[PDB]
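**Q** Here you go, target-v2.pdb (PDB, C-alpha atoms):
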```
ATOM      1  CA  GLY A  34      15.058 -12.841 -13.936  1.00  0.00           C
ATOM      2  CA  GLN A  35      13.465 -12.275 -10.414  1.00  0.00           C
ATOM      3  CA  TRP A  36      13.525  -8.448 -10.181  1.00  0.00           C
ATOM      4  CA  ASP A  37      11.888  -5.655 -11.998  1.00  0.00           C
ATOM      5  CA  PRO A  38      14.575  -4.511 -14.483  1.00  0.00           C
ATOM      6  CA  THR A  39      13.303  -1.004 -14.556  1.00  0.00           C
ATOM      7  CA  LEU A  40      13.976  -0.322 -10.824  1.00  0.00           C
ATOM      8  CA  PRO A  41      17.087  -0.820  -8.610  1.00  0.00           C
ATOM      9  CA  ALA A  42      17.407  -4.403  -7.430  1.00  0.00           C
ATOM     10  CA  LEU A  43      17.431  -3.538  -3.768  1.00  0.00           C
ATOM     11  CA  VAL A  44      15.381  -4.966  -0.946  1.00  0.00           C
ATOM     12  CA  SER A  45      12.965  -2.126  -0.037  1.00  0.00           C
ATOM     13  CA  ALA A  46      12.666  -0.063   3.164  1.00  0.00           C
ATOM     14  CA  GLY A  47      11.513  -1.502   6.556  1.00  0.00           C
ATOM     15  CA  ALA A  48      13.068  -4.930   5.965  1.00  0.00           C
ATOM     16  CA  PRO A  49      13.967  -6.777   9.220  1.00  0.00           C
ATOM     17  CA  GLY A  50      16.431  -4.739  11.370  1.00  0.00           C
ATOM     18  CA  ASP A  51      16.665  -1.751   9.109  1.00  0.00           C
ATOM     19  CA  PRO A  52      16.290   1.851  10.575  1.00  0.00           C
ATOM     20  CA  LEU A  53      12.624   2.032   9.657  1.00  0.00           C
ATOM     21  CA  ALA A  54      11.768  -1.411  10.985  1.00  0.00           C
ATOM     22  CA  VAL A  55      13.345  -0.715  14.388  1.00  0.00           C
ATOM     23  CA  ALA A  56      11.668   2.802  14.605  1.00  0.00           C
ATOM     24  CA  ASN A  57       8.286   1.252  13.926  1.00  0.00           C
ATOM     25  CA  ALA A  58       8.474  -1.784  16.265  1.00  0.00           C
ATOM     26  CA  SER A  59       8.240   0.305  19.459  1.00  0.00           C
ATOM     27  CA  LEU A  60       5.086  -0.232  21.503  1.00  0.00           C
ATOM     28  CA  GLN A  61       4.262   3.486  21.205  1.00  0.00           C
ATOM     29  CA  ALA A  62       4.711   3.635  17.417  1.00  0.00           C
ATOM     30  CA  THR A  63       2.742   0.465  16.924  1.00  0.00           C
ATOM     31  CA  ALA A  64      -0.085   1.809  19.130  1.00  0.00           C
ATOM     32  CA  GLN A  65       0.011   5.257  17.380  1.00  0.00           C
ATOM     33  CA  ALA A  66      -0.385   3.536  13.971  1.00  0.00           C
ATOM     34  CA  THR A  67      -3.178   1.255  15.194  1.00  0.00           C
ATOM     35  CA  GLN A  68      -5.167   4.165  16.656  1.00  0.00           C
ATOM     36  CA  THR A  69      -4.579   6.506  13.736  1.00  0.00           C
ATOM     37  CA  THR A  70      -5.844   3.713  11.383  1.00  0.00           C
ATOM     38  CA  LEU A  71      -8.946   3.278  13.559  1.00  0.00           C
ATOM     39  CA  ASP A  72      -9.474   7.098  13.462  1.00  0.00           C
ATOM     40  CA  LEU A  73      -9.251   7.105   9.680  1.00  0.00           C
ATOM     41  CA  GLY A  74     -11.597   4.141   9.281  1.00  0.00           C
ATOM     42  CA  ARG A  75     -14.126   5.997  11.479  1.00  0.00           C
ATOM     43  CA  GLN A  76     -13.778   8.975   9.158  1.00  0.00           C
ATOM     44  CA  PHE A  77     -14.352   6.841   6.050  1.00  0.00           C
ATOM     45  CA  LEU A  78     -17.372   5.020   7.462  1.00  0.00           C
ATOM     46  CA  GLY A  79     -18.735   8.371   8.899  1.00  0.00           C
ATOM     47  CA  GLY A  80     -18.687   9.917   5.401  1.00  0.00           C
ATOM     48  CA  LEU A  81     -20.984   7.032   4.359  1.00  0.00           C
ATOM     49  CA  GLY A  82     -23.311   7.739   7.375  1.00  0.00           C
ATOM     50  CA  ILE A  83     -22.014   4.812   9.467  1.00  0.00           C
ATOM     51  CA  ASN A  84     -20.869   5.058  13.113  1.00  0.00           C
ATOM     52  CA  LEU A  85     -19.897   1.723  14.711  1.00  0.00           C
ATOM     53  CA  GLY A  86     -20.449   1.337  18.515  1.00  0.00           C
ATOM     54  CA  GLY A  87     -19.918  -1.000  21.421  1.00  0.00           C
ATOM     55  CA  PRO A  88     -16.920  -3.373  21.338  1.00  0.00           C
ATOM     56  CA  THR A  98      -5.245  -5.642   9.042  1.00  0.00           C
ATOM     57  CA  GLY A  99      -8.854  -4.574   9.967  1.00  0.00           C
ATOM     58  CA  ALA A 100     -10.353  -5.251   6.488  1.00  0.00           C
ATOM     59  CA  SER A 101     -13.021  -7.204   8.565  1.00  0.00           C
ATOM     60  CA  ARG A 102     -14.269  -3.967  10.177  1.00  0.00           C
ATOM     61  CA  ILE A 103     -15.643  -2.781   6.830  1.00  0.00           C
ATOM     62  CA  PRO A 104     -19.246  -3.830   6.256  1.00  0.00           C
ATOM     63  CA  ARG A 105     -19.617  -5.966   3.152  1.00  0.00           C
ATOM     64  CA  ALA A 106     -21.951  -3.337   1.779  1.00  0.00           C
ATOM     65  CA  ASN A 107     -19.097  -0.875   1.643  1.00  0.00           C
ATOM     66  CA  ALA A 108     -16.150  -3.059   0.584  1.00  0.00           C
ATOM     67  CA  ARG A 109     -16.291  -1.863  -3.057  1.00  0.00           C
ATOM     68  CA  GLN A 110     -16.550   1.742  -1.905  1.00  0.00           C
ATOM     69  CA  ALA A 111     -13.523   1.167   0.375  1.00  0.00           C
ATOM     70  CA  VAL A 112     -11.432  -0.004  -2.579  1.00  0.00           C
ATOM     71  CA  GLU A 113     -12.444   3.079  -4.527  1.00  0.00           C
ATOM     72  CA  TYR A 114     -11.582   5.346  -1.575  1.00  0.00           C
ATOM     73  CA  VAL A 115      -8.152   3.749  -1.186  1.00  0.00           C
ATOM     74  CA  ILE A 116      -7.422   4.265  -4.950  1.00  0.00           C
ATOM     75  CA  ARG A 117      -8.691   7.864  -4.763  1.00  0.00           C
ATOM     76  CA  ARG A 118      -6.466   8.455  -1.784  1.00  0.00           C
ATOM     77  CA  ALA A 119      -3.406   7.031  -3.508  1.00  0.00           C
ATOM     78  CA  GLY A 120      -4.314   9.062  -6.632  1.00  0.00           C
ATOM     79  CA  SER A 121      -4.370  12.228  -4.602  1.00  0.00           C
ATOM     80  CA  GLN A 122      -0.627  11.824  -4.146  1.00  0.00           C
ATOM     81  CA  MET A 123       0.230  11.734  -7.872  1.00  0.00           C
ATOM     82  CA  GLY A 124       3.399  13.689  -8.570  1.00  0.00           C
ATOM     83  CA  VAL A 125       4.656  13.609  -4.905  1.00  0.00           C
ATOM     84  CA  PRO A 126       8.302  12.855  -4.936  1.00  0.00           C
ATOM     85  CA  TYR A 127       9.863   9.507  -4.299  1.00  0.00           C
ATOM     86  CA  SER A 128      11.668   9.100  -1.007  1.00  0.00           C
ATOM     87  CA  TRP A 129      13.086   5.871   0.280  1.00  0.00           C
ATOM     88  CA  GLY A 130      11.357   5.015   3.538  1.00  0.00           C
ATOM     89  CA  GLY A 131       8.985   7.987   3.103  1.00  0.00           C
ATOM     90  CA  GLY A 132       5.374   8.163   4.209  1.00  0.00           C
ATOM     91  CA  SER A 133       3.135   8.367   7.275  1.00  0.00           C
ATOM     92  CA  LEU A 134      -0.450   7.236   7.507  1.00  0.00           C
ATOM     93  CA  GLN A 135      -1.577  10.761   6.740  1.00  0.00           C
ATOM     94  CA  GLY A 136       0.731  11.905   3.936  1.00  0.00           C
ATOM     95  CA  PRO A 137       4.314  12.033   2.572  1.00  0.00           C
ATOM     96  CA  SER A 138       7.146  12.224   5.030  1.00  0.00           C
ATOM     97  CA  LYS A 139      10.954  12.263   5.209  1.00  0.00           C
ATOM     98  CA  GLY A 140      12.395   8.814   4.697  1.00  0.00           C
ATOM     99  CA  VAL A 141      15.503   6.923   5.856  1.00  0.00           C
ATOM    100  CA  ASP A 142      18.879   6.383   4.251  1.00  0.00           C
ATOM    101  CA  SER A 143      18.837   7.988   0.801  1.00  0.00           C
ATOM    102  CA  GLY A 144      15.358   9.395   1.699  1.00  0.00           C
ATOM    103  CA  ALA A 145      16.347  10.944   5.056  1.00  0.00           C
ATOM    104  CA  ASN A 146      16.112  14.588   3.879  1.00  0.00           C
ATOM    105  CA  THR A 147      13.391  14.210   1.156  1.00  0.00           C
ATOM    106  CA  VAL A 148       9.701  14.470   1.877  1.00  0.00           C
ATOM    107  CA  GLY A 149       7.843  11.888  -0.151  1.00  0.00           C
ATOM    108  CA  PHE A 150       6.699   8.282  -0.498  1.00  0.00           C
ATOM    109  CA  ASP A 151       8.294   5.029  -1.360  1.00  0.00           C
ATOM    110  CA  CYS A 152       6.441   2.096  -2.941  1.00  0.00           C
ATOM    111  CA  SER A 153       5.239   0.495   0.303  1.00  0.00           C
ATOM    112  CA  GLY A 154       4.797   3.888   2.065  1.00  0.00           C
ATOM    113  CA  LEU A 155       2.295   4.976  -0.545  1.00  0.00           C
ATOM    114  CA  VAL A 156       0.113   1.854  -0.466  1.00  0.00           C
ATOM    115  CA  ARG A 157       0.170   1.720   3.400  1.00  0.00           C
ATOM    116  CA  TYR A 158      -0.972   5.366   3.502  1.00  0.00           C
ATOM    117  CA  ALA A 159      -3.769   4.553   0.992  1.00  0.00           C
ATOM    118  CA  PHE A 160      -5.173   1.561   2.850  1.00  0.00           C
ATOM    119  CA  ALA A 161      -5.012   3.266   6.198  1.00  0.00           C
ATOM    120  CA  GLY A 162      -7.662   5.688   4.919  1.00  0.00           C
ATOM    121  CA  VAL A 163     -10.391   2.995   5.194  1.00  0.00           C
ATOM    122  CA  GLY A 164      -9.038   1.629   8.522  1.00  0.00           C
ATOM    123  CA  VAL A 165      -6.902  -1.178   7.108  1.00  0.00           C
ATOM    124  CA  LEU A 166      -3.322  -1.212   8.371  1.00  0.00           C
ATOM    125  CA  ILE A 167      -0.969  -3.193   6.225  1.00  0.00           C
ATOM    126  CA  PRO A 168       2.692  -3.803   7.180  1.00  0.00           C
ATOM    127  CA  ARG A 169       5.425  -1.329   6.455  1.00  0.00           C
ATOM    128  CA  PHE A 170       7.721  -3.594   4.494  1.00  0.00           C
ATOM    129  CA  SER A 171       6.677  -4.643   0.968  1.00  0.00           C
ATOM    130  CA  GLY A 172       7.649  -8.255   1.649  1.00  0.00           C
ATOM    131  CA  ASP A 173       5.285  -8.298   4.572  1.00  0.00           C
ATOM    132  CA  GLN A 174       2.559  -6.581   2.576  1.00  0.00           C
ATOM    133  CA  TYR A 175       2.826  -9.429   0.090  1.00  0.00           C
ATOM    134  CA  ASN A 176       1.555 -11.769   2.826  1.00  0.00           C
ATOM    135  CA  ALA A 177      -1.035  -9.468   4.322  1.00  0.00           C
ATOM    136  CA  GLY A 178      -4.028 -10.590   2.240  1.00  0.00           C
ATOM    137  CA  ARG A 179      -5.076 -13.412  -0.039  1.00  0.00           C
ATOM    138  CA  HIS A 180      -2.794 -14.544  -2.818  1.00  0.00           C
ATOM    139  CA  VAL A 181      -4.503 -14.529  -6.201  1.00  0.00           C
ATOM    140  CA  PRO A 182      -3.115 -15.645  -9.628  1.00  0.00           C
ATOM    141  CA  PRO A 183      -2.266 -12.591 -11.694  1.00  0.00           C
ATOM    142  CA  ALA A 184      -4.743 -13.659 -14.395  1.00  0.00           C
ATOM    143  CA  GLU A 185      -7.516 -13.225 -11.798  1.00  0.00           C
ATOM    144  CA  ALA A 186      -6.250  -9.787 -10.480  1.00  0.00           C
ATOM    145  CA  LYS A 187      -8.732  -6.958 -10.152  1.00  0.00           C
ATOM    146  CA  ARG A 188      -8.783  -3.277  -9.367  1.00  0.00           C
ATOM    147  CA  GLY A 189      -7.492  -2.752  -5.861  1.00  0.00           C
ATOM    148  CA  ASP A 190      -5.103  -5.647  -5.641  1.00  0.00           C
ATOM    149  CA  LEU A 191      -1.451  -5.079  -4.731  1.00  0.00           C
ATOM    150  CA  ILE A 192       1.180  -6.152  -7.336  1.00  0.00           C
ATOM    151  CA  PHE A 193       4.701  -7.116  -6.151  1.00  0.00           C
ATOM    152  CA  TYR A 194       8.181  -7.360  -7.692  1.00  0.00           C
ATOM    153  CA  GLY A 195      11.350  -8.980  -6.535  1.00  0.00           C
ATOM    154  CA  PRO A 196      12.044 -12.055  -4.427  1.00  0.00           C
ATOM    155  CA  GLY A 197       9.230 -12.457  -1.972  1.00  0.00           C
ATOM    156  CA  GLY A 198       7.887  -9.063  -3.170  1.00  0.00           C
ATOM    157  CA  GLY A 199      10.767  -7.343  -1.489  1.00  0.00           C
ATOM    158  CA  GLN A 200      11.694  -4.908  -4.242  1.00  0.00           C
ATOM    159  CA  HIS A 201       8.522  -3.056  -5.196  1.00  0.00           C
ATOM    160  CA  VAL A 202       4.761  -2.905  -4.645  1.00  0.00           C
ATOM    161  CA  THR A 203       2.083  -1.175  -6.758  1.00  0.00           C
ATOM    162  CA  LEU A 204      -1.714  -0.683  -6.616  1.00  0.00           C
ATOM    163  CA  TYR A 205      -3.503  -2.296  -9.561  1.00  0.00           C
ATOM    164  CA  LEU A 206      -6.155  -0.031 -11.098  1.00  0.00           C
ATOM    165  CA  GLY A 207      -7.496  -2.502 -13.599  1.00  0.00           C
ATOM    166  CA  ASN A 208      -7.266  -1.144 -17.111  1.00  0.00           C
ATOM    167  CA  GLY A 209      -3.725  -2.753 -17.354  1.00  0.00           C
ATOM    168  CA  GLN A 210      -2.427   0.087 -15.117  1.00  0.00           C
ATOM    169  CA  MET A 211      -0.867   0.397 -11.696  1.00  0.00           C
ATOM    170  CA  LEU A 212      -0.343   3.362  -9.353  1.00  0.00           C
ATOM    171  CA  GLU A 213       3.154   3.360  -7.857  1.00  0.00           C
ATOM    172  CA  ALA A 214       5.737   5.439  -6.020  1.00  0.00           C
ATOM    173  CA  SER A 215       8.496   4.807  -8.557  1.00  0.00           C
ATOM    174  CA  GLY A 216      12.206   5.257  -8.020  1.00  0.00           C
ATOM    175  CA  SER A 217      12.713   5.436 -11.778  1.00  0.00           C
ATOM    176  CA  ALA A 218      10.057   8.117 -12.287  1.00  0.00           C
ATOM    177  CA  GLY A 219      11.111   9.880  -9.066  1.00  0.00           C
ATOM    178  CA  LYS A 220       7.514  10.351  -8.057  1.00  0.00           C
ATOM    179  CA  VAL A 221       4.101   8.868  -7.581  1.00  0.00           C
ATOM    180  CA  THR A 222       2.806   7.920 -11.047  1.00  0.00           C
ATOM    181  CA  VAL A 223       0.473   5.653 -13.024  1.00  0.00           C
ATOM    182  CA  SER A 224       2.175   3.154 -15.294  1.00  0.00           C
ATOM    183  CA  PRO A 225       1.375   0.167 -17.459  1.00  0.00           C
ATOM    184  CA  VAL A 226       1.574  -3.081 -15.485  1.00  0.00           C
ATOM    185  CA  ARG A 227       5.040  -4.669 -15.969  1.00  0.00           C
ATOM    186  CA  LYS A 228       5.365  -8.455 -16.277  1.00  0.00           C
ATOM    187  CA  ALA A 229       9.138  -8.832 -15.763  1.00  0.00           C
ATOM    188  CA  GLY A 230       9.995  -9.420 -12.059  1.00  0.00           C
ATOM    189  CA  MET A 231       6.461  -9.948 -10.836  1.00  0.00           C
ATOM    190  CA  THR A 232       5.932 -12.265  -7.899  1.00  0.00           C
ATOM    191  CA  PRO A 233       3.854 -15.488  -8.449  1.00  0.00           C
ATOM    192  CA  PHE A 234       0.718 -13.907  -6.940  1.00  0.00           C
ATOM    193  CA  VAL A 235      -0.990 -10.600  -6.461  1.00  0.00           C
ATOM    194  CA  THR A 236      -2.393  -9.825  -3.045  1.00  0.00           C
ATOM    195  CA  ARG A 237      -6.045  -8.970  -2.323  1.00  0.00           C
ATOM    196  CA  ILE A 238      -6.313  -6.809   0.768  1.00  0.00           C
ATOM    197  CA  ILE A 239     -10.051  -6.016   0.581  1.00  0.00           C
ATOM    198  CA  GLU A 240     -12.323  -8.681  -0.787  1.00  0.00           C
ATOM    199  CA  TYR A 241     -15.153  -7.638  -3.110  1.00  0.00           C
TER     200      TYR A 241
END
```
Spit out the file's structure as structure tokens when you get a sec.
**A**
Amino acid sequence: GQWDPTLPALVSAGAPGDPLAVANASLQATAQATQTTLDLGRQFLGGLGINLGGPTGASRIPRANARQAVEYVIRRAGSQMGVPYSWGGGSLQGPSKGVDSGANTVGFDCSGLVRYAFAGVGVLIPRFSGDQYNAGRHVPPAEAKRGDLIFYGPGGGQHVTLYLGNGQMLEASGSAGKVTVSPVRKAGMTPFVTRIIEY
């Protein structure tokens, strides 16, 4: 089968025309996300003693600090362990109320969590999991490494997780009801993983 059997076979939040997609496509929202991501990247690079001047954004990270960026993203996602699951939940700075079933629950969904995590190093990935799938470089799962994104469902539309290495993935899981670390699941995986930051 083409879905992860352990999670509902639903296309995830922010898919084309859904409430979350339309909310986010405004010029003002788009600009707010772009600037906030830039602000966070400045914060990350500042903490390393780097302040860029003059005139996804993975290219803004010096090669020297690409590994560190991956570690910071994983740390950031890890900081959210135990936060509740909420469909459509998440801002670039933390959990938020979601949409639909998530409209009154502060939390994260699968794609919300990983977008929050990457934004910490100034990389803005798309809101919808199926878009995230195409936001980096496709790599055969046998060649996956710590930091890659793992996807489930047709076109990665169902679910997305952050591979830790160690046969583990960090995920906002509808079955767990929370942000958790789980063994990597084979059933329902897309053909590729996606590398957002190269190292």
**Q** Mind running segment 104-219 of chain A against segment 50-72 of chain A at 9 Å and telling me each contacting residue's nearest atom pair with the distance in Å (one decimal), counting all atoms listed in the file, chain and number ascending, as a tab-separated table?
**A**
```
residue	atom	partner	partner_atom	distance
A:130	CA	A:53	CA	6.9
A:133	CA	A:66	CA	9.0
A:134	CA	A:66	CA	7.4
A:135	CA	A:69	CA	8.7
A:140	CA	A:53	CA	8.4
A:141	CA	A:53	CA	6.8
A:142	CA	A:52	CA	8.2
A:160	CA	A:70	CA	8.8
A:161	CA	A:70	CA	5.3
A:162	CA	A:70	CA	7.0
A:163	CA	A:70	CA	7.7
A:164	CA	A:70	CA	4.8
A:165	CA	A:70	CA	6.6
A:166	CA	A:70	CA	6.3
A:169	CA	A:54	CA	7.8
A:170	CA	A:54	CA	8.0
```
**Q** Please evaluate the PyMOL selection byres ((chain A and resi 111) around 12) against the displayed coordinates and give the resulting residues as an MDAnalysis selection string.
**A** chainID A and resid 73:74 76:78 80:81 100:110 112:118 159:165 188:189 238:241
**Q** Report, as JSON, the centre and edge lengths in Å (one decimal) of the axis-aligned box enclosing every listed atom of segment 110-119 of chain A, padded by 3 Å on each side.
**A**
```
{"center_x": -10.0, "center_y": 4.2, "center_z": -2.3, "size_x": 19.1, "size_y": 14.5, "size_z": 11.3}
```
**Q** Figure out the distance between atom CA of residue 99 of chain A and atom CA of residue 208 of chain A, please, to one decimal in Å.
**A**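 Calculated distance between atom CA of residue 208 of chain A and atom CA of residue 99 of chain A is 27.3 Å.
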**Q** Leaving out residue 196 of chain A and any residue of its chain fewer than 6 positions from it, which residues lie within 8 Å of it when counting only C-alpha atoms, given as a VMD selection string?
**A** chain A and resid 35 to 36 232
**Q** If you measure from atom CA of residue 217 of chain A to atom CA of residue 127 of chain A, what distance in Å do you get, rounded to one decimal?
**A** 9.0 Å
**Q** Which residues are near residue 184 of chain A? Cut-off 12 Å, only C-alpha atoms, ignore same chain within fewer than 5 positions. Put them as a PyMOL selection string.
**A** chain A and resi 190+192+207+209+228+233-235
**Q** Take the PyMOL selection byres ((chain A and resi 131) around 6), apply it to the structure above, and return the hits as a PyMOL selection string.
**A** chain A and resi 128-130+132+138-140+149-151+154
**Q** Limited to C-alpha atoms, could you put the picked residues into a file as a PDB file, keeping the file's coordinate frame?
**A**
```pdb
ATOM      1  CA  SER A 128      11.668   9.100  -1.007  1.00  0.00           C
ATOM      2  CA  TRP A 129      13.086   5.871   0.280  1.00  0.00           C
ATOM      3  CA  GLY A 130      11.357   5.015   3.538  1.00  0.00           C
ATOM      4  CA  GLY A 132       5.374   8.163   4.209  1.00  0.00           C
ATOM      5  CA  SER A 138       7.146  12.224   5.030  1.00  0.00           C
ATOM      6  CA  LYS A 139      10.954  12.263   5.209  1.00  0.00           C
ATOM      7  CA  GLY A 140      12.395   8.814   4.697  1.00  0.00           C
ATOM      8  CA  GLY A 149       7.843  11.888  -0.151  1.00  0.00           C
ATOM      9  CA  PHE A 150       6.699   8.282  -0.498  1.00  0.00           C
ATOM     10  CA  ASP A 151       8.294   5.029  -1.360  1.00  0.00           C
ATOM     11  CA  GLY A 154       4.797   3.888   2.065  1.00  0.00           C
TER      12      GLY A 154
END
```
**Q** Give me, please, the distance in Å between atom CA of residue 215 of chain A and atom CA of residue 152 of chain A, quoted to one decimal.
**A**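 Calculated distance between atom CA of residue 215 of chain A and atom CA of residue 152 of chain A is 6.6 Å.
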**Q** Run the PyMOL selection byres ((chain A and resi 197-203) around 6) on the file and write out the hits as a ChimeraX atom specification.
**A** /A:43-45,152,171-172,191-196,204,211-213
**Q** Considering all atoms listed in the file, can you say which of A:121, A:224, A:153, A:236 comes closest to residue 186 of chain A?
**A**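 Of A:121, A:224, A:153, A:236, the one nearest residue 186 of chain A is A:236, counting all atoms listed in the file.
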**Q** Using all atoms listed in the file, find the one residue out of A:180, A:146, A:187, A:205 that sits nearest to residue 227 of chain A.
**A** A:205
**Q** Which is closest to residue 225 of chain A among A:210, A:143, A:176, A:122, if we use only C-alpha atoms?
**A** A:210
